[PDB]
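*Asks:* Let me begin by handing over the structure; questions about it come next.
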Amino acid sequence: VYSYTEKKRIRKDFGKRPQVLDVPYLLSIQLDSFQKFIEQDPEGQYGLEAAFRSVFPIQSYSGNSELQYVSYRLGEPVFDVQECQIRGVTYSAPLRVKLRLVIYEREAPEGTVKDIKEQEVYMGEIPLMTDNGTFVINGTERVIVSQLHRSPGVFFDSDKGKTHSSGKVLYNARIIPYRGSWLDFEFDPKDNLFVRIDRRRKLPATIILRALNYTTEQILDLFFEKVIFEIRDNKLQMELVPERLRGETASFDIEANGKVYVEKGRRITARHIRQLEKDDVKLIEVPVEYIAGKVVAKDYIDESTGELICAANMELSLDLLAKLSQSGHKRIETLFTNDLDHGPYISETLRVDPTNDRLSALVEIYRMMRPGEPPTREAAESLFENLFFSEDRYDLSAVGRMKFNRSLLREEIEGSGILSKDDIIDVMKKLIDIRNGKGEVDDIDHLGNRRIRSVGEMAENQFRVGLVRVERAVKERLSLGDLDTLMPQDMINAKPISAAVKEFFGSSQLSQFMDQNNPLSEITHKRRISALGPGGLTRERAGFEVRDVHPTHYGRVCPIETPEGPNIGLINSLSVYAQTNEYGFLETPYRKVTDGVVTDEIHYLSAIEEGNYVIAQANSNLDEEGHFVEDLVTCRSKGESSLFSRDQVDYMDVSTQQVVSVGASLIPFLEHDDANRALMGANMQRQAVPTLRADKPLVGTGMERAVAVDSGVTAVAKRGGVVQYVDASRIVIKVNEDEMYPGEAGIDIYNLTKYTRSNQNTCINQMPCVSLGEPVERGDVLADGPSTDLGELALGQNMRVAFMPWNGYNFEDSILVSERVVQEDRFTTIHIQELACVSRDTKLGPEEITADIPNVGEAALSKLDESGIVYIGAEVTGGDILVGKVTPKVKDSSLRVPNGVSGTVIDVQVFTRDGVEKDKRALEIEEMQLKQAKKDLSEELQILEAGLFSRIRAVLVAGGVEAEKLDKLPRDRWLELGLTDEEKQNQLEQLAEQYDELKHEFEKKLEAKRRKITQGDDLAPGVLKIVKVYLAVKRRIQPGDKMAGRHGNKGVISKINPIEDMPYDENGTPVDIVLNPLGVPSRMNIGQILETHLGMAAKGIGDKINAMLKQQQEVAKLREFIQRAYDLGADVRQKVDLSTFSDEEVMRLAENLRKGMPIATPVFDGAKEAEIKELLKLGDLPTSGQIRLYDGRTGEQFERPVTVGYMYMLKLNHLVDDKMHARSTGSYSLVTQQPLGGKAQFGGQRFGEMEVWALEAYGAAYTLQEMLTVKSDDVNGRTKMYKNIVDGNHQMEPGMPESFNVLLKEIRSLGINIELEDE
Amino acid sequence: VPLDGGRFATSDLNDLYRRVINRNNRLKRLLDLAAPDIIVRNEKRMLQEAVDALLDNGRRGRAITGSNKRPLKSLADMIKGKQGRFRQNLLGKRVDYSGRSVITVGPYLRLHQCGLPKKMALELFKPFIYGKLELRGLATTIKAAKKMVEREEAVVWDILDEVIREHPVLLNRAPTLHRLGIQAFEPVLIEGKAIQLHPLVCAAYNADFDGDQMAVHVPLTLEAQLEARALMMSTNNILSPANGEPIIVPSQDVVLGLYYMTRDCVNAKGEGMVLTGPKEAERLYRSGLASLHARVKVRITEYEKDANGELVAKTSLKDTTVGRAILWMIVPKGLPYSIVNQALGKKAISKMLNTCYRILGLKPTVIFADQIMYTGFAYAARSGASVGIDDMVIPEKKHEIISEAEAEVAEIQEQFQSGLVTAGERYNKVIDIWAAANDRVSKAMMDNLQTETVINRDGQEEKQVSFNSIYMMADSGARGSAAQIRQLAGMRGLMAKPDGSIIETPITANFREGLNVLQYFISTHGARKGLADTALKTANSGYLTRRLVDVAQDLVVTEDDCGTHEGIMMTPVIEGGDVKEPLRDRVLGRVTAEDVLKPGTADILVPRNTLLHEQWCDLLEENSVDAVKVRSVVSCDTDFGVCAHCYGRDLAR
RNA sequence: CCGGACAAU
DNA sequence: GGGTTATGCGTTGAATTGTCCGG
DNA sequence: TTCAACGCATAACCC
Ligand SMILES: [Mg+2]
Ligand SMILES: [Zn+2]
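First to last, the protein sequences are chains C and P. If you use full-length UniProt numbering, the first sequence corresponds to residues 2 to 890, 913 to 1342, in order. Going by full-length UniProt numbering, the second sequence opens with residue 253, and the numbers climb by one from there.
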């Protein structure tokens, strides 16, 4: 049992490892990103509410006028989502915000004469999501690529190596707030540490702490040990500690129990650890000279003489010791400077700073930001509460606040958005600890050290910046303004906000122009993840490290997708099972196992959990509810295939499909061919264009249905059920009344899509594959779109192959194609072009639109109307005029058809502003446009009325019914019967009243369909009219075509060969294409021969069913052979049995199998070579599957048999047109006769540098005064060649260049003179 | 350029000058109101940066701008640099007189003609049509002459075809690696819509045959032909400048055609039975009676020009294969038949034509070598090439090898945890044993891949040269390297780990059976680095090439003899193993400095200042003299240049 | 006329 | 007081194609 | 608003 489309055509799937869950949808990064961007989400959490949280307080000055925020909502825009794109306007829903404004009276913080309640103030409009999750800016919808950037906060990297030619090991601590100023710290080769700002000049860090309302003692008392000494009459006894003698060699006598254990000149070892900690006597006979071996902490006043003994952080000396020993001061704490216990780094940076006080500690910060200004307390502090303690310039989100908590091993989660003293000291302590003996560094390439940003936050940021730039506006206009006698509409306007919000989405690095040529390219573009943009990774700045990615990304990112050329590894995506958290860090699911019992529960795990925890393997031998019968299972903890035991694993990989998402997952057996030598074919589907006719693949993987319904090109039954009627414009579907509502049940709407031209001349078309009377269900495809058939996916098509280089024509990569395609014309699509005819009112005679156009022919009047517009369906050639347009002086300045791009006029589109008189043709065009609307709504109205007839008569018969009021009664008066008053009667009344309401509900949009359609559009002032023509050119197969399949068959066509020269075989089957088995070592491409036999297997089955049904054997053969042909495989996870179904399902499904049996083979969990041979043996095919071939020229056998079979080939975009060009001579630049650039409109062509000097190196000296002198510079020599070649003489004397002498003219203004002499 | 309206858009050179003149107006106006020393001090600063702004910025502070955050375009931006006029007008400009079409193989042109299609050959030579209409009188005015060309009824192309043979054009390839990319091919007017190139020349440029770029160049004067007969063509420039190997490298599809041809069987079809005619043996070959590897002897006539060009009238009947005689009857005059008896691979065939130039000559040898592709096309048509699974044979001892390999790991790790060994040297031991643990499988697949094809022998079995399909091109050198064949059956080896050093866990299986995601990820992880680094090494190579090409260009030869009888000391440098380079590639065509004497008996070998081309060096190599004294380029008495004797002959000339 | 972005060898 | 070395900043970074929009 | 490689240049700095 399967779905109706699946039961209609069910594809065989293979596999030995059953899966538990299906494939979710991949469009979760735009719809979900924007829905949270615009919602009622108080406290912000990255939403418009977050924008309002910064403009919610608004305390004005001199009056305390409060402008509070209440709510915002967006209604239906003035323009829909299907006609605004056609008109060419900006799509924007009304961003209306309910703002309450209480302008308090002056001086009084409290008091208002009368409160003014602004109902939905108009600050502008923001784009919405039309039908797919994209933005619409200027006609064509715009897709902003999600940007990759680093995580907001502090990083710890090594960045060793180049250390000013010293080689001393160094580290750095780079901080990055959410959107504020960067505090990036680093180390010095001279064993120092300081602070920096925004990658700018260094700032002293041992003076700013004292500047922040601190003093000296809080500096020196928190970075060193304290060791109290004893001042007596002699030798200055002193009190030591094992926490000081742990690494400090006690070079003095240490007595314990009347004997010295550690004396001078010996190192304390483990035995001395016992000899010392077992005694730990404090009253030891320390000598006087060891007292000088310390460094004082602070100043001490001599208790005997009052003399300044020492100031701070200075080494004691024997004279100093005798200068304080003459007292009774038994409290002398000292520091502890070491080289391996404590960092000797803040020992000298204090002396490095010129001062450290209250006043001179601020002139440094005053002069670093505002030179030539006297220092001031308030101005100096303003920066401290601007770049460190602020809410509008420097602030961090919850992400930035909690990242530091984890980075510094904290416990709290939510705090403020500002830096704290504790954090800025701990970064100066754990960081100095990193050097000495502990610590670790974090790599930027790590997934947890980077942040992904999308449209949902970039738009919120833009709108919040927009609100903060207008916040102070009300404060300043209300500082000297009225007394609340206004309305909050004037000072807070819409033009600047709406223009900035709109431009910020269209003119940006991430605002990449959409390239609609493949629905798979549509999804690939939407899931494209890029690094460039505002605050990202630039292409010029790239080392060998940023180019290499952190290997811990398997199961989280698709590796097989990779850009080539200027950028490598810069374009990323999202895996199927894994997803990006709101934190931007990646995580992937795993199956929750226990020590012995495998549970089907799924948890989400990430790299940080993976580092410490051990994950088992997917393809692990399993039996009942789950037990690893094997003991030593290949596990992993840090990406290494660790071989660990069985009873510690609680998770393996969910499935092998979590690594690849969209790159090349449709190609089975990706292990045979490396992605390194397969990405040249795996990267060409992003530009491939669908053809006219496409066949189902014989071999795939099985994930084609989810990706097909994922793309927005199909018509899924969002509300399936009973299928009533299928139309070429709208599939008339509805469900029984039981599942919809008594009030306006309605019918299921499915409008059919017609041919259009989106971005890349792409003609999309949908065809209703369903029949008349075939029931469907929820989530069932109804109308097949491009490259789809019977609800499935088919991009390309299948054709047989041979492996035989004939006469060496396939020299490197060329291919040989016979005349089997050029006569059929099937491998081509339709491209619709567009040329814009500007009706600009030129000076001294505007541009008029009329048929009276000079220098035309008698054929023009037949194809042109009386207004100069070509007839609808009148073909044009090279040189015709689409719309007559002349400039009286008179010359024909209308549009001409260039030679080589001639097509057929199918659509002529005229855009004219309201006020300009139109021609009869155009008037008739909207005239027909309006009347088609009336009839097209009328049939919908009638079918809705008839459906409500079925619903109401159905409830009528169900219960009370009268024979007289049964069929002859009017179909409207269906609310007056003998039914008693109950839930049936009131429901019937509800149905009737809804029927009456819906019988007139349509008239509102009926009326709306004039005042928006009859009115003219608006494009730009200063032009009379803009008219466009959507000409379409159809091309055929011509010399110069290109071949590029899914396998990577990158080759250009060589020439044409006859079908007779095409080699036949023992029965003469015409082989479609023949490859060149020559580049196997250069291009390691082996994994195709084994899968080649699947094409023979499918054709063999299809032809056997065809022959077996041709004579129509009894059901004892039809249902027997169907059984055998559908029962196959050694261990498959799909059980299909058509014979056990009804006989009709047997024939109605066997009829779908005339050419082959679809096969779904996953790379790992699918059909293997053994399946290949068993299926070849299922029909009448040889075990080896090798077929001998005959010769078409001499008619013989060469030496060997040739493998022949069908693969699935697909078409690319570039054929000959993007490269074809031809030009001889004509117009050139204006400053000279230099040809223009590019080959598209008009210009010159490329040439290399080596031939430039190769010709000079040759003996021929005339090769230089021919190519760039009398070809591109000599204006009159050009006229000389024009005048004399047409006579016949072929000799031009070179004149003078007009490029070398031009440069000297502007330097002559600098005082340069030139002279001419001949020796 | 104007804008969308009645106004006009400004330029970079004027945007800032607008503001500096507007501010200068008010600064000068305030001067009449007795301005203090402050206004006069400040007004000079603005003119100082305005004048620096026009000249050049980005030296002091942040450069000013008037358009966006991007810096303004100064006067010294379009003159110098990558985008400057110096590298944009003469070094990558937009050239003219050329058309674009798709390249096909088209193995029809040989050296002289080309495959220029009809439309491409009609849409270019515009003025020559009007130049030739008036000769027969079809047109008397250019105005009316114009409106009989654009329609192309029957007379546009016949007139333009006869001016083709009287004026050859030049064709060059944009993706050119060598220096001799300029070859003279006469235009043709043939049907089709593509351009064909010589398959050897197409691979000669070493460019991907996937929609490359062509460029056509025509001489523009009469005197561009009288001198254009010896310089810009491949007829005389066969020798490559870089090396003694000429530009004509044997093709991969002809080398196999001769390597498998020279293969000798001991018992097959046509074995033993010998005919009495090379042509009748050839007929029995493609009639289905004689094999390409076969032992048949026929009356083959050999000739030698050891005389004064006189044919040595002789013949021979030796046991040859059937196609060697076919090649021999292509020799027009005659060469010592012993010269064609070899494996006929890369180097053997390369020095076939290399010595053929010096034996038979240049002009006939050109044709004799250009027909190699033609005569190998018969082989390509009759055999071709194919690959399949049956060529894969797993080694029989590989599974035992991999079974026994991991045993030592555990046997030493248990000693590590038992306190016998330390991971410091144990890790190095492990990565060293696994650095060679692939070699046993690598030579175990020799005896499982290249030793299979046997033949019968009078009733018994004889083993001879293997007939493995992938080994045909492997041993013949056509395609398939040692570093690639291991990737097929053997182990690809141990690549660099993400840490940077060698991986600790090698590759277990090959790409022919199942492979896990983790290790396939590791292999791709090691693999992308070469593709990443090729984007940068090529650019770095271009940097040095440009730094070394525009510096040595200024050289002129102004003297013939420098008047110096000295030079340098020539002796094959050798250190360590064997010497790789002889004197042959050192001195070849150079005027000797003085008379070299024989070391043994003091015999004058070269009498005076003479060249050293073929036989002089053959005298040196047979007399074993290492006292060569030739004029050296560094030691030359030539004013601004070097004389011809210090350099002598040059390659490609 | 100058850039951004995607894609191609 | 001659010579060595710490430290700031000068220059540059492949062949241009194809096509889209935006001032 | 994160370069790397190469290299002449002042201003200090070592006994
Ligand atoms: Mg190419
Ligand atoms: Zn000389």
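Built from N, CA and C at the ideal position, the CB exists for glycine as well.
With a cut-off of 7 Å, does the C-beta of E658/P fall near any C-beta of chain C?
*Replies:* The sequence position of residue 658/P within the second sequence is 406, counting from 1. No, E658/P lies away from the interface with chain C (no Cβ there is under 7 Å from its Cβ).
*Asks:* Closer than 9 Å between beta carbons: that is the criterion. Which residues of the region 751 to 781 of chain P meet it against chain C?
*Replies:* Here the close residues are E756, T757, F763, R764, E765, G766, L767, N768, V769, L770, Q771, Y772, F773, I774, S775, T776, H777, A779, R780, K781.
*Asks:* Short of 7 Å Cβ to Cβ, which residues in the region 651 to 674 of chain C face chain P?
*Replies:* Result list: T657, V660, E672, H673.
*Asks:* Could you please give me the residues that DSSP links to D781/C through a beta bridge?
*Replies:* Translated into positions along the first sequence, residue 781/C becomes position 780. Answer by DSSP bridge pairing, in chain order: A718/C.
*Asks:* Does any CB atom of chain P fall closer than 7 Å to the CB of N622/C?
*Replies:* Residue 622/C sits at position 621 when you count from the first residue of the first sequence. No - not a single Cβ of chain P is within 7 Å of the one on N622/C.
*Asks:* Starting from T1226/C, find everything on chain P with Cβ-Cβ shorter than 8 Å and list it in chain order.
*Replies:* By one-based count along the first sequence, residue 1226/C stands at place 1203. Ordered by position in chain P, the residues that pass the 8 Å Cβ test against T1226/C are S638, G640.
*Asks:* Any chance the CB of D1064/C is under 6 Å from a heavy atom of ligand 4?
*Replies:* In the structure shown, ligand 4 is absent; the only ligands present are ligand 1 and ligand 2.
*Asks:* Quick check: the Cα distance between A313/C and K476/C, rounded to an integer number of angstroms?
*Replies:* Taking the first residue of the first sequence as 1, we reach residue 313/C at position 312. Taking the first residue of the first sequence as 1, we reach residue 476/C at position 475. The alpha-carbon atoms of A313/C and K476/C are separated by roughly 51 Å.
*Asks:* Under the three-state reduction of DSSP, which class applies to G701/C: helix, strand or coil?
*Replies:* Position 700 of the first sequence holds residue 701/C. If DSSP states are grouped into helix, strand and coil, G701/C belongs with the strands.
*Asks:* Would you mind listing the beta strand (DSSP E) stretches within the region 790 to 860 of chain C that are 3+ residues and don't spill past its ends, in chain order?
*Replies:* Listed in chain order, they are 798 to 804, 816 to 819, 831 to 833, 836 to 840.
*Asks:* Below 8 Å between beta carbons is the criterion; list the residues of the region 350 to 367 of chain P that meet it against any residue of chain C, in chain order.
*Replies:* Listed by position along the chain: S350, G351, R352, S353, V354, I355, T356, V357, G358, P359.
*Asks:* Pull up the distance between the alpha-carbon of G778/P and that of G752/P, whole angstroms please.
*Replies:* In the second sequence, residue 778/P corresponds to position 526, counting from 1. In the second sequence, residue 752/P corresponds to position 500, counting from 1. If you take the alpha carbons of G778/P and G752/P, they lie about 10 Å apart.
*Asks:* Residue ranges of each beta strand (DSSP E) run of no fewer than 3 residues wholly in the region 606 to 681 of chain C, ordered along the chain?
*Replies:* Runs found: 634 to 637, 642 to 645, 652 to 654.
*Asks:* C454/P: beta carbon under 6 Å from a heavy atom of ligand 2?
*Replies:* Within the second sequence, residue 454/P is the residue found at index 202, counting from 1. Checking every heavy atom of ligand 2 against the Cβ of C454/P, none is found closer than 6 Å.
*Asks:* Just reading off the beta strand (DSSP E) that residue 903/C is part of, what are its end residues?
*Replies:* Since the model of chain C includes 890 and then 913 but nothing between them, residue 903/C has no atomic positions to report.
*Asks:* Less than 6 Å between C-beta atoms, sequence neighbours within five positions excluded: which residues of the same chain meet that for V354/P?
*Replies:* Residue mapping note: residue 354/P aligns to position 102 of the second sequence, counting from 1. Around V354/P: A446.
*Asks:* Looking at the C-beta of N720/P, does it have a partner C-beta in chain C at a distance below 7 Å?
*Replies:* Locating residue 720/P in the second sequence gives position 468, where the first residue counts as 1. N720/P does not count as touching chain C.
*Asks:* Relative to ligand 1, is the shortest distance from any of its heavy atoms to the C-beta of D462/P smaller than 6 Å?
*Replies:* Position 210 of the second sequence holds residue 462/P. Answer for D462/P: yes, Cβ within range of ligand 1.
*Asks:* Take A533/P and list the residues in its own chain whose beta-carbon comes closer than 8 Å to its own, dropping the five residues that flank it on each side.
*Replies:* Start at 1 with the first residue of the second sequence, and residue 533/P comes out as number 281. Correct list, in chain order: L527, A542, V548, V550, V574, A577.
*Asks:* Are there three or more Cβ pairs, one per stretch, closer than 8 Å when the region 301 to 312 of chain P is compared with the region 1223 to 1234 of chain C?
*Replies:* They do not touch, by the three-pair rule.
*Asks:* If we ignore side chains and look at the alpha-carbon of each, how far apart do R1069/C and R779/C end up?
*Replies:* Within the first sequence, numbered from 1, the residue matching residue 1069/C stands at position 1046. Within the first sequence, numbered from 1, the residue matching residue 779/C stands at position 778. Approximately 33 Å, taken between the alpha carbons.
*Asks:* Check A543/C in the structure and name its three-state DSSP category.
*Replies:* Residue 543/C sits at position 542 when you count from the first residue of the first sequence. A543/C: coil per DSSP, three-state reduction.
*Asks:* Judging by CA-CA distance, which residue of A945/C, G1074/C, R801/C, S361/C is the nearest neighbour of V1225/C?
*Replies:* Numbered from its first residue, the first sequence carries residue 1225/C at position 1202. Among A945/C, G1074/C, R801/C, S361/C, the Cα nearest to that of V1225/C belongs to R801/C.
*Asks:* How far does the beta strand (DSSP E) with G125/C in it reach, from first residue to last?
*Replies:* Here residue 125/C refers to the residue found at position 124 when the first sequence is read from its first residue. Its beta strand (DSSP E) spans residues 117 to 127.
*Asks:* Measure how close the beta-carbons of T692/C and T830/C come, nearest whole angstrom, since I'm counting them as under 8 Å.
*Replies:* Counting from 1 along the first sequence, the entry for residue 692/C is found at position 691. Counting from 1 along the first sequence, the entry for residue 830/C is found at position 829. Confirmed, Cβ separation roughly 5 Å.
*Asks:* Using 8 Å for Cβ pairs, my map puts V98/C next to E121/C. What's the rounded Cβ distance?
*Replies:* Along the first sequence, one-based indexing puts residue 98/C at 97. Along the first sequence, one-based indexing puts residue 121/C at 120. The pair is a contact, with the Cβ atoms about 7 Å apart (cut-off 8 Å).
*Asks:* Are there any heavy atoms of ligand 2 lying less than 6 Å away from the beta-carbon of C898/P, as far as the coordinates show?
*Replies:* Here residue 898/P is taken as the residue at index 646 of the second sequence, counted from 1. Within the cutoff, so yes.
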